[PDB]
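Before any comments, here is the structure.
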Amino acid sequence: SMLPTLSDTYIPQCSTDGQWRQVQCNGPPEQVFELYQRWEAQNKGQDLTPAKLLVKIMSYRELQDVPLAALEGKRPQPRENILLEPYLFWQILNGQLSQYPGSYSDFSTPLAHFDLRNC
């Protein structure tokens, strides 16, 4: 866990299609904050460093995934096999595994932000 969250995550943000946003901040993406909100909503007592451990764990087989955490599936069943497909204008939750390289999809970066950043 050599990454501190709020320290040096830039993620250059621009307000619309082609023009750079006039103010550039130095915080993590708001999708990561929403993922942290969902993780805390699953069970209390969750902090930053156990979240780093929990993403370090459950990343051993890549999908042969794991139960005991519901985030996008509203049909609780251990036998559910559906193809992964990205949807326009949504936070990426299900189809990714994040252990493998590639490219981001749909270019849905221009969203709002928090306050506690170096801008």
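Residues displayed in chain A correspond, in order, to Swiss-Prot positions 750-811, 842-898.
The header says electron microscopy, 3.2 Å.
Note: Cβ is positioned from N, Cα and C throughout, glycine not excepted.
Straight from Swiss-Prot, the features:
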- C774-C898: disulfide bond (DISULFID)
- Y785: iodotyrosine (MOD_RES)
- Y866: diiodotyrosine (MOD_RES)
- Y866: iodotyrosine (MOD_RES)
- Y883: diiodotyrosine (MOD_RES)
Disulfide-bonded residues listed as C774, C898, least Cβ neighbours within 10 Å: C898
Listed modified residues (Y785, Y866, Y883), ranked by Cβ neighbours within 10 Å, top entry: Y785
Using Cα positions only, nearest of the recorded positions to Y883 (diiodotyrosine) (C774, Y785, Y866): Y866
Length of the line joining the Cα atoms of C898 (disulfide bond) and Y866 (diiodotyrosine), in Å: 30
Cα-Cα distance linking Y785 (iodotyrosine) and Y866 (diiodotyrosine), given in Å to the nearest integer: 21
